[PDB]
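J.:
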Amino acid sequence: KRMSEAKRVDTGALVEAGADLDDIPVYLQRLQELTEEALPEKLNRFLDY
Amino acid sequence: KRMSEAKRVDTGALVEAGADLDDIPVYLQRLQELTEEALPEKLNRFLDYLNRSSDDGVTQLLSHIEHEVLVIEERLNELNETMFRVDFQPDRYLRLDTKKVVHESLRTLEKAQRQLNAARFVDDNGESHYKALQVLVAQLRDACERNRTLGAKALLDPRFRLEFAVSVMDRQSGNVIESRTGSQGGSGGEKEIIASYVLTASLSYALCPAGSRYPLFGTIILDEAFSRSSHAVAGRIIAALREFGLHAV
Amino acid sequence: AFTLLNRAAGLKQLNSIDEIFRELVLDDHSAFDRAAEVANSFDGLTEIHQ
Amino acid sequence: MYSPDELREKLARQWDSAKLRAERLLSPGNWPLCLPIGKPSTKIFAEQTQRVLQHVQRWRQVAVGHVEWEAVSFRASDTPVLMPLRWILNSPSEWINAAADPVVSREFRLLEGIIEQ
Amino acid sequence: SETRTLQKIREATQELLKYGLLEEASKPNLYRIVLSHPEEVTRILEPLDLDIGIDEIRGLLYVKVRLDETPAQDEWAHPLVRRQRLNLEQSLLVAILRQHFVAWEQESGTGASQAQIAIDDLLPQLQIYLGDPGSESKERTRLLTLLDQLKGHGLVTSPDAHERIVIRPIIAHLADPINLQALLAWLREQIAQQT
Amino acid sequence: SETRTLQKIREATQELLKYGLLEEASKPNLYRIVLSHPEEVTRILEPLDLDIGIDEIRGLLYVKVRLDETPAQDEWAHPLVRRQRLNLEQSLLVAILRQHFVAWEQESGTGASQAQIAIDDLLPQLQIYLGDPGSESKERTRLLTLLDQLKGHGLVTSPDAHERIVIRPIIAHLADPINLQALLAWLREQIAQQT
DNA sequence: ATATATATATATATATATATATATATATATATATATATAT
DNA sequence: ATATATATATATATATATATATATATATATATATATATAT
Ligand SMILES: Nc1ncnc2c1ncn2[C@@H]1O[C@H](COP(=O)(O)OP(=O)(O)O)[C@@H](O)[C@H]1O
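Chains as they are written, first to last, in the deposited numbering: chain X, 799 to 847; chain G, 799 to 1047; chain R, 201 to 250; chain W, 1 to 117; chain E, 40 to 234; chain L, 40 to 234.
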């Protein structure tokens, strides 16, 4: 259920793999990547610029 | 997976539904309901309104514009006929001429129309019919938002569907000698002759009641006399005015 | 005729014969109004189709 | 443009002739039997668009016998459009189906019995 | 009797030779003539030690040096080719143009030809490498000098009224990524030279 | 599948196309190879609507167009062949070379001995009409530039150690020298009037 | 039951429109020569 | 002071676009013949 919910909101990355107990590693890799960039946490300084 | 997909596509009829087997009958109810009732109803609605729109659709507008251009064709002949009864020069009379406009938009509309005709006969429950209708209506919309543009004018205005010209006629043989102002020039003061003559003739015709050989009303107002013209042009104008029997002020 | 007359009182512009026809002799009767409502009803039909 | 009604009426008029019934039983060479539907032309198609489409709709719903179909080009149409041209009945049973009257059944059965009875 | 080639085939091949490339979008009739007898085109170029390159995804045809029993050695030494050899800064600007081309391809697909960039858009990209002459007009002259030659090879259109250029699809093959790796190696030997 | 064209035929055909005209005395091997494979060469060239003209008396091969017979373009135009209109000075020098080549082919044979003339002999012929340009150095520069341009046209060779050029046989292969004859008549008439 | 009157289906002819080929004008690219500026 | 590079002028040739004329195909009109229905 959770993988499908993630697929619903994805844009461009989960598009490739499916959703099964063998696909899992791709999801975690994407989460690690979107944690490295720390991107979602620039928001309230950029809304100033 | 299947039910999660269905709820993802769901518009909201399955909002309260969950994700486990026991909820399955809820989904099946919607499946059977949609299949049996909703789809036939919507099909009938759409096809019925399209059939109504088929008679009331753009075809009537196109026919109306064709009728208006036909009316213009009619009346121009009557004024052209009246000019045979008088002479623009001591040896000549004058004749009107017209032609069709060729701005490409009209040809595109022609193609869209001829394609739309066939699409009604396609056995698809009105699908291709609707597609062609939308495609054609696109032209009308675009012209409407740009009515000022000459292309939209030609699309919608009967006056811009055709062009006009005038021929010099031999009073003796009735033959044409020329169809152009081959003496135009100077400071542009010569063009006024033919323009003033034709305008005067049209005004003369407009004031003749049904079958009246004369106009019933004879007063005409010309403010500023001949400010633009030279000497002899005024004499020509006044002679023409006398020929039609008006009362100048 | 009883408005064309009023036009005659101010006749000064004679750029083209066909222009003179289109501006003084004929009438306009352009059908922009018809097209607007025709397309707007087509929108309602499009909603059912959608 | 003949609707199925006119062709059916013509077949019934033929049925009025006892000799035609007798020959169509005694001379199976009378079968198959067919009638034309109409002659489409641009003079009709050009402005009778909806009427022609509705006539085609009516003929589309016919099942008895068979209906001939093919595409006819017209000046106002960008491509050829399917049209019906013929309606075919293959056996006396089809002719009786078209006639569809109690007296028709009476005479058909009575004559098919008389020839043997 | 005589081995005269069919007139349409001769027309198409003559045009292809005259310009060295042929796009269906531009000249569909000759392109389809070529792809109707592409083996004929090959067997005619084979006498000349030349070969036909085909890329239908972009609707493109181009001529390429063939391999003789000797693979043309340095193929640019082939007698027929009228132009010189390619050389570095042309390759640099080709790489930048191909970068923009692949960006446009990801944006809207490969087969189309709408990609464009202005003279001023180009100028910083090369200015990175080539330094500043001291005046904007001089660097624009540099860029236009490059573009003239590259148009001479069919890579780009002429500088338009907006001071922009249109990428030609053939760049997909001059910037052949295999050839890009070979050129990267060649650049490494250039480093060795610098060493 | 289909076999390749023979290597030497390909090489010789490409060589001639590059040079337009060639001599057995220059490259006898290619000359003999082509003359032993004329059908193959013309089959190679006919798709281009091209062909070769030869002169064994003088020992020269040269290309020639082989379009369809006499189209409306009697002043022919061919895609692969861009034509030229040599200037009145170039035409004057060509007429001078034509007249002296005609004389040589009588006093020294039709290419039996390659047609020759000295720089100091050509210069007076030009000086008949153009006069003294101002100095001997200017005369030599003028004539040498024109002769080099003709050599690029494949008409003459560079002067030998004795400042004697050699005239290629192609001069005898011009199409319509009647224009050259009229031009020379006009020149001589003008100089006779202007003197 | 047969005759006749009328409807319609067909064939041919001619008119009209659309497609295509060709002729001509214009714009650009080559292209080559010469004159002038700048570098060594 | 000389040589080289560049820019401009002449200028010519080629390609492209657009308009008009011609040829062909399709459609429509008219006339005739045949089939069917009605009346005697
Ligand atoms: N485009 C043109 N059309 C017609 N005539 C022209 C045109 N250009 C110049 N002329 C001629 O040049 C003159 C223009 O008119 P001009 O005599 O200069 O005007 P005015 O003296 O009335 O101000 C006339 O002789 C006219 O015939």
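Built from N, CA and C at the ideal position, the CB exists for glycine as well.
Measuring CB to CB, does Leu99 (chain L) end up less than 8 Å from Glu54 (chain L)?
T.: no
J.: Whose C-alpha, out of G:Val996, G:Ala952, G:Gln937, is nearest the C-alpha of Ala963 (chain G)?
T.: Checked all of G:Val996, G:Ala952, G:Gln937; the closest Cα to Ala963 (chain G) is G:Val996.
J.: Answer yes or no: the CB of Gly984 (chain G) versus the heavy atoms of ligand 1, is any distance below 7 Å?
T.: Yes, the beta carbon of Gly984 (chain G) sits closer than 7 Å to at least one heavy atom of ligand 1.
J.: Checking 8 Å against the spacing of the C-beta atoms, do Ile206 (chain L) and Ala154 (chain L) come in under that value?
T.: yes
J.: Give a yes or no on contact between the segment 130 to 150 of chain L and the segment 208 to 222 of chain L, applying the rule of three or more CB pairs nearer than 8 Å.
T.: yes
J.: Rounded to the nearest angstrom, what separates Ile72 (chain L) and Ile91 (chain L) at their Cα positions?
T.: Taking the straight line joining both Cα atoms gives about 14 Å.
J.: So is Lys799 (chain X) in contact with chain G if we call contact Cβ pairs under 8 Å?
T.: yes
J.: Answer with yes or no whether the minimum CB distance from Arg806 (chain X) to chain G is below 8 Å.
T.: yes
J.: Along the segment 912 to 925 of chain G, where does the CB come closer than 7 Å to a CB of chain W? Name the residues.
T.: Those residues of the segment 912 to 925 of chain G that come within reach of chain W (Cβ to Cβ, closer than 7 Å) are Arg912, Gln913, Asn915, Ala916, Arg918, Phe919.
J.: Beta-carbon separation of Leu82 (chain W) and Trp95 (chain W) under 8 Å?
T.: no
J.: Along the alpha helix (DSSP H) that carries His76 (chain E), what are the first and last residues, could you check?
T.: Note, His76 (chain E): premise wrong, no alpha helix (DSSP H); not H, not E.
J.: Please name the residue in E:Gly191, E:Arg124, E:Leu186, E:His192 whose C-alpha comes closest to that of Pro198 (chain E).
T.: Nearest C-alpha to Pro198 (chain E): E:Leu186.
J.: Measuring straight from C-alpha to C-alpha, what distance separates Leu11 (chain W) and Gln57 (chain W)?
T.: Computed Cα separation, rounded: 22 Å.
J.: Is the CB-CB distance between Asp243 (chain R) and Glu961 (chain G) below 8 Å?
T.: no
J.: Count the C-beta pairs between the segment 996 to 1016 of chain G and the segment 1024 to 1043 of chain G that are closer than 8 Å, then say yes if the count reaches three, no if not.
T.: The segment 996 to 1016 of chain G vs the segment 1024 to 1043 of chain G: in contact.
J.: Taking 8 Å as the threshold (C-beta atoms), are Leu106 (chain L) and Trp115 (chain L) in contact?
T.: yes
J.: Quick check: what's the CA-CA separation for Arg75 (chain W) versus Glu803 (chain G)?
T.: 50 Å
J.: I'd like the list of long-range same chain contacts for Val974 (chain G), defined as Cβ closer than 7 Å, with 5 residues on each side in sequence excluded.
T.: Contacts found: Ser965, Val966, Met967.
J.: Let me check understanding here. Comparing Cα to Cα, which of W:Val52, W:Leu25, W:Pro32 lies closest to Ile115 (chain W)?
T.: W:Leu25
J.: Within 10 angstroms of the Cβ of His55 (chain W), are there 16 or more other Cβ atoms? Answer buried if so, exposed if not.
T.: buried
J.: State buried or exposed for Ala111 (chain L), treating a residue as buried only when at least 16 other CB atoms are found within 10 Å of its CB.
T.: Exposed, because fewer than 16 other Cβ atoms sit within 10 Å of the Cβ of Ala111 (chain L).
J.: For chain X, find out if any of its Cβ atoms is closer than 8 Å to the Cβ of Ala817 (chain G); answer yes or no.
T.: Chain X, which has a Cβ nearer than 8 Å to the Cβ of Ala817 (chain G), makes this yes.
J.: State the CB to CB distance for the pair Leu934 (chain G) and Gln911 (chain G), rounded to an integer number of angstroms; the pair is presumed to be in contact (CB under 8 Å).
T.: 7 Å
J.: Here's the rule I'm using: 16 or more other beta-carbon atoms within 10 Å means buried, otherwise exposed. How should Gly59 (chain E) be labelled?
T.: buried
J.: Tell me where the beta strand (DSSP E) around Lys951 (chain G) begins and ends.
T.: Segment 948 to 954 is the alpha helix (DSSP H) holding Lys951 (chain G); no beta strand (DSSP E) there.
J.: For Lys47 (chain E), count the other beta carbons within 10 Å of its own beta carbon; 16 or more makes it buried, fewer makes it exposed. Which is it?
T.: exposed
J.: For chain W, check one thing: does any of its Cβ atoms lie closer than 8 Å to the Cβ of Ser903 (chain G)?
T.: no
J.: Run through the segment 811 to 849 of chain G for me and flag every whole alpha helix (DSSP H) of 4 or more residues, listed as ranges in chain order.
T.: 822 to 831
J.: Measure the Cβ-Cβ separation of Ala98 (chain W) and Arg13 (chain W) and say whether it is below 8 Å.
T.: no
J.: Flag this pair as yes or no: are the beta carbons of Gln937 (chain G) and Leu907 (chain G) separated by less than 8 Å?
T.: Yes.
J.: Listing by chain order, which chain E residues have their CB less than 9 Å from the CB of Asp90 (chain L)?
T.: The premise fails here: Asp90 (chain L) is roughly 11 Å from chain E at the closest Cβ pair, so nothing lies under 9 Å.
J.: Which residues of the segment 847 to 864 of chain G have a Cβ closer than 9 Å to any Cβ of chain W? Give them in chain order.
T.: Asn849, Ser852, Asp853, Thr857, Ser861
J.: Do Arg203 (chain L) and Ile167 (chain L) come within 8 Å of each other at the CB atom, strictly closer than that value?
T.: no
J.: Assuming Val856 (chain G) and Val238 (chain R) are in contact, meaning their beta carbons sit under 8 Å apart, how far apart are those beta carbons, in whole angstroms?
T.: 6 Å
J.: Just verifying my parser: in three-state terms, what is the DSSP assignment at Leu106 (chain L)?
T.: coil
J.: Please name the residues in the segment 116 to 141 of chain E whose beta-carbon is closer than 8 Å to at least one beta-carbon of chain L, in chain order.
T.: Along the segment 116 to 141 of chain E, the positions whose C-beta sits under 8 Å from a C-beta of chain L are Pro118, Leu119, read in chain order.
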